[PDB]
Amino acid sequence: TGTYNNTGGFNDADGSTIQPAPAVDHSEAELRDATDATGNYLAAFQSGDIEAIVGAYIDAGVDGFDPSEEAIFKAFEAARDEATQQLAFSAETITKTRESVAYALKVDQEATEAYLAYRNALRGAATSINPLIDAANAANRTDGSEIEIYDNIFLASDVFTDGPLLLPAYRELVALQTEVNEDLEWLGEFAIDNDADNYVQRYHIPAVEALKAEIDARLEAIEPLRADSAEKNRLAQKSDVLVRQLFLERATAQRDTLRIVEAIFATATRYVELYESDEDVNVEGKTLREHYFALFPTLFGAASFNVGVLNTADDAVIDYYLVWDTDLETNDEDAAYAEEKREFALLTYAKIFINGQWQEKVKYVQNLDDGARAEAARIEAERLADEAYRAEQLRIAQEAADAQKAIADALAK
Amino acid sequence: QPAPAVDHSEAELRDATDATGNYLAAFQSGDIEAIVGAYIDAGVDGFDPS
């Protein structure tokens, strides 16, 4: 049950029912295009000039302008139908934006998980390597010219920080492995034992071999985590979640404005329709057509408030499409999404107690209307039923009396 | 409700009362933002405005 007028509660034709939001990547350009496809419809309404509104949303008609009320009613009905369709599209825009936001959250969640795993692996390798380096350095008797004195790993890029860079550390580890493999081959020479001031001993080779084996065992496990971290950090940089939140806010404001636009058009259509009509009954000391005319002053303020909100909602997107303060210090952060979500939810909660003021008046007038229309059928229905019942009762009684006369004449014979 | 003489320790009273007094901290503060943040669930990551 769903129409411009309905008695079935929440409706999907307006954007009030529940809808799932799987993580599906809808590009921000798609959001911008879909939102601008509707924002062009509201330029005349947001301007506020009545002449522009009547020129844009109302059709002039045949070259010879017909001033009869029927053409005016038809034009208003067409405008109302167009507004209804625009509202139907703005409904689906919301779900599109929500799915985009969900995907944008999932990607950088996975990216930061992978980064943490890779950093932990690097920290473990750093913990494991250094003691063997010290042990091998302690067991050296050469002059230190070709077989140099080793230095502690990660001398520049401090890995123990929470969010440091991690490529220079890997390159330093690779360079250390290369240096170890280079210095290992000179241990196989024949004239390395030059003199007492520089020579080799028995325990240098086992230490060097153990260090090389540990490095080779660590790198083999380090590699896949580095690859996954790089791949996932590159992917999460191709989507921002803040602009999608802004688009969601803008589309919600657009739907809110389209609601009152449709309400105004429907009110005008119904007011024009009830001209000199049989259904224009009188209630509460006034005519039914009179009740509709009183709705405009409140709508002209509620729509003003909605347009004031939508103007800021529109201006926010244009100035913050691709610029700093929308992307932040690192690839994954929820300290900014949470605050904006909180503010948006608070604004959504607050606005549900404002539109209801005019919603209840519209519901009151509409309720008067369908109550009168539906009550002006039950008398006729019951009258027809009672007439049929009485006719059937009389017919049955008459035929029974005829049957009694029949048996009378039969057994009297 | 009846009330037979049964010894419930004052520490039990304090714990049972504080188990409820934590619920009313946001309401007793009086700030509407704290109330809506504490007693109302935000929902799915994509905030549904329906």
# chains A, B, ... in the order shown; residues from 1 in each chain; ligands from 1

$ interface_residues --of "chain B" --to "chain A" --cutoff "9 Å" --atoms "only C-alpha atoms" --output "list in words"
residues 33, 36, 37, 42, 44, 45, 46, 47, 48, 49 and 50 of chain B

$ write_last_selection --atoms "N, CA, C and O atoms" --output "short mmCIF file (atom, residue, chain, number, x, y, z; two decimals), in the first residue's frame"
data_model
loop_
_atom_site.label_atom_id
_atom_site.label_comp_id
_atom_site.auth_asym_id
_atom_site.auth_seq_id
_atom_site.Cartn_x
_atom_site.Cartn_y
_atom_site.Cartn_z
N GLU B 33 22.47 15.85 24.45
CA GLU B 33 23.44 15.13 23.62
C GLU B 33 23.95 13.88 24.33
O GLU B 33 24.05 12.81 23.72
N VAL B 36 21.08 11.23 24.27
CA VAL B 36 20.89 10.55 22.99
C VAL B 36 22.10 9.69 22.65
O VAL B 36 21.97 8.67 21.96
N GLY B 37 23.28 10.07 23.13
CA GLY B 37 24.46 9.24 22.90
C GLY B 37 24.48 7.99 23.75
O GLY B 37 25.02 6.96 23.31
N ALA B 42 23.19 4.04 17.73
CA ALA B 42 23.40 4.64 16.42
C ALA B 42 22.97 3.72 15.28
O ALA B 42 22.37 4.19 14.31
N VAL B 44 23.57 0.73 12.22
CA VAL B 44 24.48 0.27 11.17
C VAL B 44 25.46 1.39 10.84
O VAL B 44 25.15 2.57 11.06
N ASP B 45 26.65 1.03 10.34
CA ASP B 45 27.66 2.03 10.00
C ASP B 45 27.10 3.09 9.06
O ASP B 45 27.38 4.29 9.23
N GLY B 46 26.31 2.68 8.08
CA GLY B 46 25.59 3.64 7.26
C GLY B 46 24.30 4.07 7.93
O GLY B 46 23.33 3.31 7.96
N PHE B 47 24.29 5.27 8.50
CA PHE B 47 23.16 5.74 9.29
C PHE B 47 21.89 5.83 8.45
O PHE B 47 21.81 6.64 7.52
N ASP B 48 20.90 5.02 8.78
CA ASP B 48 19.63 5.02 8.07
C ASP B 48 18.74 6.11 8.64
O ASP B 48 18.38 6.05 9.82
N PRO B 49 18.36 7.12 7.85
CA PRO B 49 17.50 8.19 8.36
C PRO B 49 16.00 7.92 8.26
O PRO B 49 15.21 8.82 8.56
N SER B 50 15.60 6.72 7.85
CA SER B 50 14.18 6.39 7.78
C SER B 50 13.58 6.32 9.17
O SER B 50 14.27 6.06 10.16
#

$ select_by_dssp --residues "range 171-342 of chain A" --states "strand (DSSP E)" --output "list in words"
residues 282, 283, 286 and 287 of chain A

$ write_last_selection --atoms "N, CA, C and O atoms" --output "compact mmCIF listing (two decimals), in the first residue's frame"
# COMPACT_ATOMS: atom_id res chain seq x y z
N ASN A 282 -19.52 20.45 4.25
CA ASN A 282 -19.18 21.48 5.23
C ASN A 282 -19.04 20.86 6.61
O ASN A 282 -19.94 20.16 7.09
N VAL A 283 -17.90 21.12 7.26
CA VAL A 283 -17.61 20.58 8.58
C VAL A 283 -16.95 21.67 9.42
O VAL A 283 -16.21 22.51 8.90
N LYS A 286 -17.14 25.33 8.46
CA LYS A 286 -16.43 25.75 7.26
C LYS A 286 -16.63 24.69 6.18
O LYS A 286 -17.02 23.56 6.46
N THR A 287 -16.37 25.09 4.94
CA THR A 287 -16.43 24.15 3.83
C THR A 287 -15.13 23.35 3.75
O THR A 287 -14.08 23.76 4.26

$ closest_residue --among "A:57, A:25, A:149, A:192" --to "residue 43 in chain A" --atoms "only C-alpha atoms"
A:57

$ residues_around --residues "residue 322 in chain A" --least-positions-apart "6" --cutoff "12 Å" --atoms "only C-alpha atoms" --output "ChimeraX atom specification"
/A:28-29,238-244,316,328

$ write_last_selection --atoms "N, CA and C atoms" --output "CSV table (one decimal), in the first residue's frame"
chain,number,residue,atom,x,y,z
A,28,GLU,N,32.3,8.3,-6.0
A,28,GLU,CA,31.8,9.6,-5.6
A,28,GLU,C,31.4,10.4,-6.8
A,29,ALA,N,31.9,10.2,-7.9
A,29,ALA,CA,31.4,10.9,-9.1
A,29,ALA,C,30.0,10.5,-9.4
A,238,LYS,N,42.1,5.0,-2.6
A,238,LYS,CA,41.2,5.3,-3.7
A,238,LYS,C,39.8,5.5,-3.3
A,239,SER,N,39.5,5.9,-2.0
A,239,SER,CA,38.1,6.1,-1.6
A,239,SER,C,38.2,6.8,-0.3
A,240,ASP,N,37.4,7.9,-0.3
A,240,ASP,CA,37.2,8.7,0.9
A,240,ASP,C,35.8,8.6,1.4
A,241,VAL,N,35.6,8.5,2.8
A,241,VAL,CA,34.3,8.3,3.4
A,241,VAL,C,33.6,9.5,3.8
A,242,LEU,N,34.4,10.6,4.0
A,242,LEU,CA,33.8,11.9,4.4
A,242,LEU,C,33.0,12.5,3.3
A,243,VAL,N,33.4,12.5,2.1
A,243,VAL,CA,32.6,13.1,1.0
A,243,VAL,C,31.3,12.3,0.8
A,244,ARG,N,31.4,11.0,1.0
A,244,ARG,CA,30.2,10.2,0.9
A,244,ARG,C,29.2,10.5,2.0
A,316,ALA,N,28.2,22.8,1.2
A,316,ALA,CA,29.3,22.0,1.8
A,316,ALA,C,30.0,21.1,0.8
A,328,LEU,N,43.0,12.9,5.9
A,328,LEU,CA,43.6,13.2,7.2
A,328,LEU,C,44.9,12.6,7.2

$ residues_around --residues "range 177-179 of chain A" --least-positions-apart "6" --cutoff "12 Å" --atoms "only C-alpha atoms" --output "VMD selection string"
chain A and resid 129 133 146 to 151 153 170 to 171 185 to 186 208 to 209 211 to 219

$ decode --residues "chain B" --atoms "C-alpha atoms" --output "tab-separated table (two decimals), in the first residue's frame"
chain	number	residue	atom	x	y	z
B	1	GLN	CA	5.25	-7.66	49.29
B	2	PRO	CA	6.29	-9.31	52.57
B	3	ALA	CA	9.58	-8.43	54.31
B	4	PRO	CA	10.94	-11.20	56.55
B	5	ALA	CA	13.97	-10.38	58.68
B	6	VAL	CA	16.77	-11.54	56.37
B	7	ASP	CA	20.30	-10.14	56.66
B	8	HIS	CA	21.38	-8.51	53.41
B	9	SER	CA	24.73	-6.80	53.93
B	10	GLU	CA	25.08	-3.06	53.37
B	11	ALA	CA	27.77	-3.77	50.76
B	12	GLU	CA	25.16	-5.74	48.81
B	13	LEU	CA	22.81	-2.76	49.05
B	14	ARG	CA	25.52	-0.39	47.84
B	15	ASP	CA	26.43	-2.62	44.90
B	16	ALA	CA	22.81	-3.22	43.86
B	17	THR	CA	22.05	0.50	44.07
B	18	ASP	CA	25.17	1.52	42.13
B	19	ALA	CA	24.27	-1.03	39.44
B	20	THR	CA	21.26	1.20	38.72
B	21	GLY	CA	22.81	4.59	39.53
B	22	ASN	CA	25.18	4.20	36.59
B	23	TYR	CA	22.19	4.07	34.24
B	24	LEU	CA	20.92	7.46	35.45
B	25	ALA	CA	24.20	9.42	35.25
B	26	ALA	CA	23.46	10.64	31.72
B	27	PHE	CA	19.83	11.43	32.57
B	28	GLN	CA	20.78	13.19	35.81
B	29	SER	CA	23.37	15.28	33.96
B	30	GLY	CA	20.56	16.80	31.89
B	31	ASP	CA	22.43	17.25	28.61
B	32	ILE	CA	20.36	16.08	25.65
B	33	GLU	CA	23.44	15.13	23.62
B	34	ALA	CA	24.68	12.83	26.38
B	35	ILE	CA	21.21	11.30	26.71
B	36	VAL	CA	20.89	10.55	22.99
B	37	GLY	CA	24.46	9.24	22.90
B	38	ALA	CA	23.98	6.91	25.87
B	39	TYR	CA	20.40	5.62	25.70
B	40	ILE	CA	19.98	5.50	21.88
B	41	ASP	CA	21.85	3.14	19.55
B	42	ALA	CA	23.40	4.64	16.42
B	43	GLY	CA	22.85	1.47	14.38
B	44	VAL	CA	24.48	0.27	11.17
B	45	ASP	CA	27.66	2.03	10.00
B	46	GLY	CA	25.59	3.64	7.26
B	47	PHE	CA	23.16	5.74	9.29
B	48	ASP	CA	19.63	5.02	8.07
B	49	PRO	CA	17.50	8.19	8.36
B	50	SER	CA	14.18	6.39	7.78
